[PDB]
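**Q** Before anything else, here's the structure in question.
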Amino acid sequence: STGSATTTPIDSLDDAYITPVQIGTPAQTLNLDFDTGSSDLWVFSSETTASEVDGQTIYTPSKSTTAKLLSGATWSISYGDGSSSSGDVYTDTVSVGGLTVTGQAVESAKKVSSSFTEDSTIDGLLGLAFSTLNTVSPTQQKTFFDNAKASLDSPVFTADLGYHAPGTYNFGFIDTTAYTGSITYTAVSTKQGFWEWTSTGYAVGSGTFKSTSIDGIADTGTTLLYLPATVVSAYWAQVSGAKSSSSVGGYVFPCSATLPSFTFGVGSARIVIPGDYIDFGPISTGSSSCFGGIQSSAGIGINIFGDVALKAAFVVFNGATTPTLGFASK
Ligand SMILES: CSc1ccc(CNCCO)cc1
């Protein structure tokens, strides 16, 4: 089997991407944030504290003839950005882009943090990291991809995120028309539950390439590109007037600037992030100071190849017995 679904930016900055997901019988369609950095499929629901729902579409399990309460199961997750959510668990039928899993754990939120309440466009998350990170207790549950994998034509999914435009998540096949050149595959460590890999270095604009190992994660659920302080300083030094602002929480730059590109290495291959992809707009409405899309990982503990990086590539999440990642230009 295969599935194919369009993923759409939630706003004009590409702050996140939502993908429609069918849950239950009859189907209830929710727009979920596909997150290769976590492993829970959770949704706003009829159980979510009313004051914490502000425009999201909810899953109502009592209206699904295939929903079953998973007895005694609860979940609670805290994300790297400080967001969180928790609740109880159903199993139900879940379909993405024509690919169906029966008996998928659907984690129904009773509580969500304010950042989720305030994002009316995100109805929940669909985790695509390794199932060792799933938070359901006392019996850990599998991700949608792990449940689908054996049925798929090939045990893979691909992320093709757009810049200011829709893109695609495919399951079970590699669309050879969606990229240019070849796909370069690179080793993955699953020891932390992430799609963790080692970039071979970087360049800023037309500058020479610096060969240096950068361990980090491929994370579709993180907006920005978080890299070591040395790398990020080298980037922003090429932008007149850019500075790290403690009050704003990262590098900012004059909105009148034209930003240089940023290149990262995948083996001997090179993925070029155009400068415009690094512009996250005014720090507050009407400001002429703009927020940068490349930020230091120093306070995070891991480097993160988030959407800024991934949307410059066609990315293969290869779930073979030994997982690997593939990157192609597009
Ligand atoms: C409030 S919207 C939101 C979307 C995705 C995630 C998962 N990624 C966490 C690290 O960036 C957290 C919050």
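Labeling convention for the structure tokens: chains A, B, ... as they appear, residues from 1 per chain, ligands from 1 in order of appearance.
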Neighbours of region 61-72 of chain A within 8 Å (only C-alpha atoms; same-chain residues fewer than 5 positions away dropped), as a VMD selection string?
**A** chain A and resid 24 to 27 45 to 46 88 to 93 138
**Q** Can those selected residues be exported to a file as an mmCIF file, in the first residue's frame so that it contains C-alpha atoms?
**A**
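What landed in result.cif:
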```cif
data_model
loop_
_atom_site.group_PDB
_atom_site.id
_atom_site.type_symbol
_atom_site.label_atom_id
_atom_site.label_comp_id
_atom_site.auth_asym_id
_atom_site.auth_seq_id
_atom_site.Cartn_x
_atom_site.Cartn_y
_atom_site.Cartn_z
ATOM 1 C CA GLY A 24 -12.802 7.151 13.039
ATOM 2 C CA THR A 25 -15.985 5.893 11.407
ATOM 3 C CA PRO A 26 -17.534 7.907 9.863
ATOM 4 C CA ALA A 27 -14.332 9.814 9.252
ATOM 5 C CA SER A 45 -11.095 16.258 21.447
ATOM 6 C CA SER A 46 -14.522 16.419 23.021
ATOM 7 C CA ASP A 88 -6.455 9.381 27.689
ATOM 8 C CA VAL A 89 -6.210 6.989 24.765
ATOM 9 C CA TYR A 90 -8.495 5.378 22.202
ATOM 10 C CA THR A 91 -7.735 2.986 19.409
ATOM 11 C CA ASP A 92 -9.409 3.856 16.107
ATOM 12 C CA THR A 93 -9.015 3.739 12.350
ATOM 13 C CA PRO A 138 1.453 1.786 31.198
#
```
**Q** Could you list, as a ChimeraX atom specification, all the residues within 6 Å of ligand 1, counting only C-alpha atoms and all ligand atoms?
**A** /A:79-81,83,115-116,221-222
**Q** Based on the selection just made, write N, CA and C atoms of those residues as a PDB file, in the first residue's frame.
**A**
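Generated file (selection.pdb):
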```pdb
ATOM      1  N   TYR A  79       7.220  19.033  25.193  1.00  0.00           N
ATOM      2  CA  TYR A  79       8.042  19.244  24.017  1.00  0.00           C
ATOM      3  C   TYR A  79       9.191  20.193  24.336  1.00  0.00           C
ATOM      4  N   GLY A  80      10.195  20.168  23.458  1.00  0.00           N
ATOM      5  CA  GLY A  80      11.412  20.921  23.686  1.00  0.00           C
ATOM      6  C   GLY A  80      11.211  22.416  23.772  1.00  0.00           C
ATOM      7  N   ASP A  81      10.146  22.929  23.160  1.00  0.00           N
ATOM      8  CA  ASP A  81       9.846  24.350  23.175  1.00  0.00           C
ATOM      9  C   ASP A  81       9.071  24.790  24.414  1.00  0.00           C
ATOM     10  N   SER A  83       6.014  23.530  25.235  1.00  0.00           N
ATOM     11  CA  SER A  83       4.621  23.149  25.037  1.00  0.00           C
ATOM     12  C   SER A  83       4.364  21.783  25.681  1.00  0.00           C
ATOM     13  N   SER A 115       0.170  27.482  24.293  1.00  0.00           N
ATOM     14  CA  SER A 115       0.665  27.620  22.929  1.00  0.00           C
ATOM     15  C   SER A 115      -0.183  26.816  21.944  1.00  0.00           C
ATOM     16  N   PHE A 116      -0.676  25.649  22.362  1.00  0.00           N
ATOM     17  CA  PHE A 116      -1.574  24.876  21.503  1.00  0.00           C
ATOM     18  C   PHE A 116      -2.941  25.550  21.397  1.00  0.00           C
ATOM     19  N   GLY A 221       8.721  18.876  12.937  1.00  0.00           N
ATOM     20  CA  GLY A 221       7.914  19.579  13.910  1.00  0.00           C
ATOM     21  C   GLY A 221       8.578  20.766  14.555  1.00  0.00           C
ATOM     22  N   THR A 222       9.785  21.121  14.146  1.00  0.00           N
ATOM     23  CA  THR A 222      10.506  22.311  14.615  1.00  0.00           C
ATOM     24  C   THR A 222      10.567  23.276  13.432  1.00  0.00           C
TER      25      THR A 222
END
```
**Q** As number ranges by chain, please: the residues near region 97-101 of chain A (cut-off 9 Å, only C-alpha atoms, same-chain neighbours under 2 positions excluded).
**A** A: 1-6, 20-22, 92-95, 103-104, 144, 147-148, 152, 169-171
**Q** Can you tell me which residues surround residue 238 (chain A) at a distance of at most 8 Å, considering only C-alpha atoms, apart from same-chain residues fewer than 4 positions away, and format the answer as a CSV table (one decimal) with N, CA and C atoms, in the first residue's frame?
**A**
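Written output follows (part-v1.csv):
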```
chain,number,residue,atom,x,y,z
A,204,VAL,N,28.3,29.4,4.1
A,204,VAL,CA,27.5,30.6,4.2
A,204,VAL,C,27.6,31.4,2.8
A,234,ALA,N,28.9,32.6,12.4
A,234,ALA,CA,29.5,32.8,11.1
A,234,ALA,C,28.5,33.2,10.1
A,260,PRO,N,22.0,36.0,3.0
A,260,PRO,CA,22.7,35.0,2.2
A,260,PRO,C,22.1,33.6,2.4
```
**Q** From the options A:271, A:120, A:168, A:330, which residue's atoms come nearest to residue 55 (chain A), counting only C-alpha atoms?
**A**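 Result for the nearest residue to residue 55 (chain A): A:120.
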**Q** Can you tell me which residues surround residue 163 (chain A) at a distance of at most 9 Å, considering only C-alpha atoms, apart from same-chain residues fewer than 5 positions away, and format the answer as a list in words?
**A**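 Once the nearby chain positions are removed, what remains is residues 9, 13, 14, 277, 308, 311 and 312 of chain A.
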**Q** Now that the selection is made, can you save its residues with N, CA, C and O atoms as a compact mmCIF listing (two decimals), in the first residue's frame?
**A**
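The result, stored in out.txt:
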```txt
# COMPACT_ATOMS: atom_id res chain seq x y z
N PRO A 9 1.42 25.09 4.80
CA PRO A 9 1.86 25.97 5.89
C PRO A 9 0.65 26.60 6.59
O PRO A 9 -0.35 26.96 5.97
N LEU A 13 4.47 32.66 7.20
CA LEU A 13 5.86 32.49 7.58
C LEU A 13 6.30 31.04 7.55
O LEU A 13 7.44 30.75 7.90
N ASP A 14 5.41 30.11 7.22
CA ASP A 14 5.72 28.69 7.31
C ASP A 14 6.08 28.31 8.75
O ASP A 14 7.01 27.52 8.99
N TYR A 277 14.49 31.85 2.81
CA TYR A 277 13.92 30.86 3.71
C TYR A 277 14.25 31.16 5.16
O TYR A 277 13.65 30.58 6.07
N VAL A 308 13.15 24.97 8.24
CA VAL A 308 14.01 25.84 7.43
C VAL A 308 14.97 25.02 6.58
O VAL A 308 15.19 25.35 5.41
N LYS A 311 12.78 22.00 4.25
CA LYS A 311 11.98 22.43 3.11
C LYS A 311 12.84 22.76 1.89
O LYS A 311 12.30 22.89 0.80
N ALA A 312 14.16 22.87 2.05
CA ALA A 312 15.07 23.01 0.91
C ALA A 312 15.40 21.69 0.25
O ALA A 312 16.11 21.67 -0.74
```
**Q** I'd like the contact shell of residue 223 (chain A) - 6 Å cut-off, only C-alpha atoms, skipping same-chain residues fewer than 4 positions apart - returned as a PDB file with N, CA, C and O atoms, in the first residue's frame.
**A**
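As written to disk, selection-v7.pdb reads:
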```pdb
ATOM      1  N   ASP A  15       5.328  28.809   9.721  1.00  0.00           N
ATOM      2  CA  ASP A  15       5.669  28.482  11.113  1.00  0.00           C
ATOM      3  C   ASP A  15       5.503  26.999  11.428  1.00  0.00           C
ATOM      4  O   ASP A  15       6.163  26.455  12.330  1.00  0.00           O
ATOM      5  N   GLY A 306      15.340  21.618  11.437  1.00  0.00           N
ATOM      6  CA  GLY A 306      13.914  21.847  11.354  1.00  0.00           C
ATOM      7  C   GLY A 306      13.487  22.267   9.969  1.00  0.00           C
ATOM      8  O   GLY A 306      14.199  22.087   8.989  1.00  0.00           O
ATOM      9  N   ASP A 307      12.270  22.812   9.894  1.00  0.00           N
ATOM     10  CA  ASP A 307      11.638  23.071   8.598  1.00  0.00           C
ATOM     11  C   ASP A 307      12.480  23.953   7.689  1.00  0.00           C
ATOM     12  O   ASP A 307      12.503  23.746   6.476  1.00  0.00           O
TER      13      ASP A 307
END
```
**Q** If you run DSSP on this backbone, which residues of region 53-226 of chain A come out as alpha helix (DSSP H), and could you give them as a PyMOL selection string?
**A** chain A and resi 114-117+144-149
**Q** Would you mind exporting C-alpha atoms of the selected residues as a short mmCIF file (atom, residue, chain, number, x, y, z; two decimals), in the first residue's frame?
**A**
```cif
data_model
loop_
_atom_site.label_atom_id
_atom_site.label_comp_id
_atom_site.auth_asym_id
_atom_site.auth_seq_id
_atom_site.Cartn_x
_atom_site.Cartn_y
_atom_site.Cartn_z
CA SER A 114 -1.54 27.76 26.02
CA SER A 115 0.66 27.62 22.93
CA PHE A 116 -1.57 24.88 21.50
CA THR A 117 -4.80 26.68 22.47
CA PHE A 144 1.23 5.50 12.59
CA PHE A 145 4.30 4.75 10.47
CA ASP A 146 5.35 1.76 12.56
CA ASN A 147 1.83 0.34 12.37
CA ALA A 148 1.69 0.89 8.60
CA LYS A 149 5.24 -0.12 7.75
#
```
**Q** Measuring between only C-alpha atoms, which one of A:327, A:59, A:195, A:253 shows the shortest distance to residue 216 (chain A)?
**A**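 Using only C-alpha atoms, the shortest distance to residue 216 (chain A) belongs to A:195.
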**Q** Report the residues of region 14-174 of chain A whose backbone DSSP state falls under strand (DSSP E or B), written as a PyMOL selection string.
**A** chain A and resi 17-23+28-35+41-43+45+59+68-78+84-96+99-112+124-127+137+156-160+167-171
**Q** Using only C-alpha atoms, which of the listed residues (A:186, A:198, A:131, A:60) sits closest to residue 211 (chain A)?
**A**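 The closest residue to residue 211 (chain A) is A:198.
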**Q** When you count only C-alpha atoms, which of these residues is closest to residue 283 (chain A): A:248, A:310, A:266, A:259?
**A**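 Among the listed residues, A:248 lies closest to residue 283 (chain A).
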**Q** Applying 10 Å and only C-alpha atoms, which residues near region 206-210 of chain A remain after dropping the ones on its own chain fewer than 5 positions away? List them as JSON, numbers by chain.
**A** {"A": [200, 201, 231, 260, 261, 262, 263, 264, 265, 270]}
**Q** Out of A:129, A:136, A:106, A:239, which residue has the shortest atom-to-atom distance to residue 220 (chain A) when counting only C-alpha atoms?
**A**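 Result for the nearest residue to residue 220 (chain A): A:129.
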**Q** One decimal, in Å: what's the spacing between CA of residue 184 (chain A) and CA of residue 325 (chain A)?
**A**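 That distance, rounded to one decimal, is 8.2 Å.
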